[PDB]
Amino acid sequence: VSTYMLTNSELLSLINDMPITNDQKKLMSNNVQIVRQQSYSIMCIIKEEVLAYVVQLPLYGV
Amino acid sequence: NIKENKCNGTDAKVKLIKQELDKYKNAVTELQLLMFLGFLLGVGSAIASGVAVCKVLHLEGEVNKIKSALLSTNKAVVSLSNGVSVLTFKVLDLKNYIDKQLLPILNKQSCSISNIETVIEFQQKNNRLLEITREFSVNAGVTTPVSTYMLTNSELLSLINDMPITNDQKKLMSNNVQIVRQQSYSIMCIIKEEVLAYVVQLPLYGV
Amino acid sequence: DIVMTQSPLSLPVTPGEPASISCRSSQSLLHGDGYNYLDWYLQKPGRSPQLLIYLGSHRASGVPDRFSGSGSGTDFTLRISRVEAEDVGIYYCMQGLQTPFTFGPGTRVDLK
Amino acid sequence: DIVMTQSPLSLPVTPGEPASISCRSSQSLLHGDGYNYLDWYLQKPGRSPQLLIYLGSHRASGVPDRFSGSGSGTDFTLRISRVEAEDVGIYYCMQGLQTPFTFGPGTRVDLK
Amino acid sequence: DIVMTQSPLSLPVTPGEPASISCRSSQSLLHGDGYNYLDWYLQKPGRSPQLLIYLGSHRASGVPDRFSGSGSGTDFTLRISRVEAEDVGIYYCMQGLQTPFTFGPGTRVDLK
Amino acid sequence: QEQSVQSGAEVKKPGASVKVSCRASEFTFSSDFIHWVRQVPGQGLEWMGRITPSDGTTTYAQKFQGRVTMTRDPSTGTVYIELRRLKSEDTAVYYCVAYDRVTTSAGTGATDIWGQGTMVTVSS
Amino acid sequence: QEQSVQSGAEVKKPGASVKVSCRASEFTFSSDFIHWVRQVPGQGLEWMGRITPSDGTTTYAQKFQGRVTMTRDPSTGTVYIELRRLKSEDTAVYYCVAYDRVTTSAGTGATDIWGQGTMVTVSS
Amino acid sequence: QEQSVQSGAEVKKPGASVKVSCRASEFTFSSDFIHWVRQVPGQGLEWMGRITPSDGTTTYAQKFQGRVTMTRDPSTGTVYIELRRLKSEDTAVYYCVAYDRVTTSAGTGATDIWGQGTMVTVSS
């Protein structure tokens, strides 16, 4: 995902609001380049004057 | 270096300038935070000299020496610790436009800019810098090949001419700048002391 | 020093019509590099004076969008786009070129 | 209501020299949020009136680039950059603030 | 042809205060597509005349930022933002519409 | 900008009532007002009245108050004006015009279309 | 823009000296000048003098030359003004104001803050 | 902006003919007109005539019509002016100037260069 699709502040807010533990948030918030490198974006339905798409962020487990 | 903004004017020009300054600060903060027969070849590393150059740069006070040795001329030859000879080059200018003109007036109570071309010039320079920082941001710190943003045509030609090599190699490489640009590399390097420096790695044809 | 005059010395105003006050100066107040050095101050009865116009034709914080300044050289005019009922008081004209600073006599504006 | 006057009441014009007509109003026509509410209408002999200037200093469709308006407050001026031989007729001044709408007496412009 | 006049015919100036000179013309100098066709020339005693203002309100090479022009139609004004001690001489007003070219009488400016 | 959309000439007698109809479906532009303007030959214009085509709210002049009646027929979006007791002096020309103006933070829009106009005269 | 930062009222006698103190740590804005302005009731303003808080350079008016003394205490960044031999007529109000202005190639900055003001009167 | 490009002084007698030459190759700027301006000392300027260096079209003034001849030599791009029957009063200074102006939709360009000027006098 490019900078145009997701700004730094929005990504940090999403990471903070992500329902995970604290160690994972600490490890992922200091390496935003890596978590951005492995993400994905899907373009979705267009209707009712509103445009919505899907962003897929990895969830580190080990 | 920019720290904060205090003036709360109403005119739209102040709003545009403040928005562009905020974009500049966000880009600077982001860059700060960024700190057949095929199996008989070998897994030798590609980028190694740039890593060594950046590691030498990261040492104590070398960047200060480089900055103090490039105050009068934009192009010079500086020597680092141990023993090495690396060319250094300065691009753009942001130590005079934003520190002498906009900063002394924004940090006030009743700022007001009675002009319109300054917005265009500031947006052009900020667009260039933001393009550089965004292209570093997307590619996770390593880019290839180097785009036009990191190295312009005239600067590349000057670097090739100043490269300590023979004449035939210079003649062969200056007529095919696309190929020599295709095989180059760029490494983002230390950020400190209000000066940003990175490393460009250019191939040196031998046969 | 520098001697200033204002015009008029009395100007009743109606809630809905514009108004204009003129400051006339001595030898030109115009500086070098650019911009004049004249200011318009307001004072309500009893309170402390508040800045209205600075450096000729600019505005500070506050001062809602109905005050303006104009002029270049030795004559300057303060113009109200649409006066309200909260502009009664005294107006002062100030210079900033040399430093025998001299405020004007002061123009009184009251509701009619 | 609101009473308007025009100046002059007769103005012959030469094909190649500029011209100016002034509309004077009663208590200020200036609205709130912004912009005046005065219009300049044109009428040729026989045809139907056509809009010339709307909302002070703007232009509608048509009206080739030789008409302009100016003024702020209670006095307004309509200025012709370079008149031609097809501008004979009657000019009218109109308001839009309250709703006792009152056109002006009308200024007659003829070729000299 | 076309007859031009200048005002005034004598204007002493002081080093630190502005100055203004007016050129008045015959039947309008205004061209078609756009822009006027009047120029202001300067002449020092002894040397060759040098252009000061061209095409109404523009500036050529040189002419430091204290000279300006203004006006539209038949009257034009040349204004000095802040005169210096090197502006003594003679000023001339020139037209460029037809080709019986005529210069003005010439305004003399001297130090007081 | 004459659109040639009006009724025909009318000749009447004192003491009667006169009706003028203007159709507002051929103005080629949407309008929020249908202001009526009368003009006696040899003099200037004079504002007469207005009705909103959306609902039918009427705004008159003080002199014409209590004498003129405005109505709207939505069959073809037509407006009718009725004057009563034409005590002479009413020989004039009537125009139905489209007149709308809107202002915003940055930009002003306007629409002004004048009609052909009808001639109403009264005589013995 | 009154900030309500001054001393209290003062009543004195002819032939004595008067002292007025203004603290420049609560202006909420950095200032390069602390100009003092006096005003007699029923009349207009009049400049009195200025001192730079950075070093302490003083500049007075010709009329007040040789009579008024300005000093700066860096314990809390406060300014003191001393007037001597109040030969009547000095019953007035004194204001300490922050007054800075800077100009550049494109853009001008200003900072002007007035104080509450103290009242100094002399009587038998 | 004096360029120091002109001929020398000339002293003549009544009833003869005078020739003044101006070379238009050292003006450092391309020009479309080579207007000639005469000036008698103690008075103002006055237009004399023009010729286009491209082809040689001549435009004179009514007073000087039928007396002055303007020609162009393309050997070095030089212009000659010839006056006949100098019935006194012609003691003056002559300047050859480059004078071009062009206008477009957005932007106006001009080029004005004055010469050193020669002095022509007639006496017994």
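Residues numbered from 1 in each chain as written, not as in the entry; some residues may be left out. Chains lettered and ligands numbered in written order. Part of a larger assembly, values for the part shown. Heavy atoms only, no water.

This deposited entry lists cryo-EM as its structure determination method and 3.87 Å as its resolution.

Caption draft 1: Inspection of the overall build of chain C at higher detail. Tallying secondary structure elements over chain C gives zero helices and nine strands in all. Starting at the N terminus and walking to the C terminus, you meet the elements of chain C as β-β-β-β-β-β-β-β-β. The C-alpha atoms of chain C give a radius of gyration of 14 Å, which matches the 13 Å a tight globule of 112 residues would have. The principal-axis extent of the C-alpha atoms belonging to chain C is close to 40 × 25 × 25 Å. Per-residue burial over chain C gives 46% buried out of 112 residues. Put simply, of all contacts in chain C between residues at least 6 apart along the chain, 54% involve residues at least 24 apart. If you sum the accessible surface of chain C, you get close to 5,000 Å²; carbon and sulfur atoms cover 49% of it. Looking at chain C, you have 9 positive and 10 negative side-chain charges, and the mean spots of the two groups are 6 Å apart. (Helix = DSSP H or I, 4+ residues; strand = E, 2+ residues; numbered from the N terminus. Rg over C-alpha atoms; globule rule 2.2 N^0.38 Å. Buried < 20%, exposed > 50% of the residue type's maximum accessible area, 1.4 Å probe, protein only. Contact = heavy atoms within 4.5 Å. Areas by Shrake-Rupley, 256 points an atom, 1.4 Å probe, with all protein chains shown as cover. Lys, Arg positive; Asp, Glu negative; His and termini not counted. Charge placed at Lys NZ, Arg CZ, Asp CG, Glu CD.)

Caption draft 2: Seen up close, the sheet that holds strand 5 (residues 58-59) of chain E. All names here are of chain E. With antiparallel pairing, five strands are arranged side by side in an open sheet as 5-4-3-8-9. Of all strands in the sheet, those with a lone pairing partner are strand 5 and strand 9 (107-109), marking the two edges. In this sheet, strand 8 (residues 89-95) lies alongside strand 3 (residues 38-43) in antiparallel orientation, the contact comprising six bridges. Pairing of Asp-39 across the sheet is with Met-94, part of strand 8. (Pairing = 2+ DSSP bridges.)

Caption draft 3: The interface of chain C and chain B, seen in detail. Contacts between the two partners involve six residues from chain C and, on the opposite side, five residues from chain B. Summed over both sides, the interface between chain C and chain B buries roughly 360 Å², with carbon and sulfur atoms accounting for 46% of that surface. It is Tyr54(C), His58(C) and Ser61(C) that lose the most area in chain C upon contact with chain B, and together they represent 70% of the buried surface on that side. Between chain C and chain B we count zero salt bridges in total. Taken together, the links from chain C to chain B amount to one residue pair in polar contact. A breakdown of the residues in the side of chain C that touches chain B according to their chemical character gives three nonpolar, two polar and one charged. (Buried area = accessible area lost by both parts, 1.4 Å probe. Salt bridge = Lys/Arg side-chain N within 4 Å of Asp/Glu carboxyl O. Polar contact = N/O pair within 3.5 Å; in protein donor to acceptor, adjacent residues only side chain to side chain. Nonpolar A, V, L, I, M, F, W, Y, C, P; charged D, E, K, R; others polar.)

Caption draft 4: Spotlight on the interface of chain F and chain D. Contacts between the two partners involve 25 residues from chain F and, on the opposite side, 21 residues from chain D. Carbon and sulfur atoms supply 56% of the area that chain F and chain D bury against each other, a total of about 1,900 Å² over both sides. Linking chain F to chain D there are one salt bridge. Between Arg101(F) and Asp39(D) there is a salt bridge, with the nearest N and O atoms lying 2.4 Å from each other. The tally of links between chain F and chain D comes to two residue pairs in polar contact. At the level of elements, strand 3 (36-39), strand 4 (45-51), strand 9 (98-103) and strand 10 (108-113) of chain F are the ones that each hand at least two residues to the side of chain F that touches chain D. At four residues, strand 4 of chain F tops the list of elements feeding residues into the side of chain F that touches chain D. Of the residues assigned to the side of chain F that touches chain D, the class counts are eight nonpolar, 12 polar and five charged.

Caption draft 5: A look at the state of the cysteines. All names here are of chain G. Counted by the stated rule, this structure contains eight disulfides over all chains. Disulfide pairing places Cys-22 opposite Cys-96 at an S-S distance of 2.0 Å. With the S-S bond torsion at 75°, the cross-link from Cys-22 to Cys-96 turns out right-handed. With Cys-22 in strand 2 (residues 17-23) and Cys-96 in strand 8 (residues 92-96), the pair connects residues that are 74 residues apart, well separated along the chain. When sorted by exposure, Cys-22 lands in the same class as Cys-96, which is buried. (Disulfide = S-S within 2.5 Å.)

Caption draft 6: Quick peek at the pairing of strand 3 of chain E. All names here are of chain E. Summarising burial for strand 3: six of the six residues are buried, a large majority. Neither face of strand 3 is open: one carries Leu-38, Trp-40 and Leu-42, the other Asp-39, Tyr-41 and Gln-43, and all of them are buried. Linking strand 3 back to strand 4 (residues 50-54) in an antiparallel pair, the connection comprises six residues, with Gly-46 at a positive phi of about 105°.

Caption draft 7: View of the side chain of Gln6(H). Residues and elements named next belong to chain H. The topology assignment puts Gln-6 in the segment before strand 1 (10-12). A polar atom in the side chain of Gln-6 sits 3.4 Å from the backbone oxygen of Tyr-94. If sequence neighbours within four positions are ignored, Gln-6 has contacts with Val-20, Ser-21, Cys-22, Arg-23, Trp-36, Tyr-94, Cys-96, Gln-116, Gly-117 and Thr-118.

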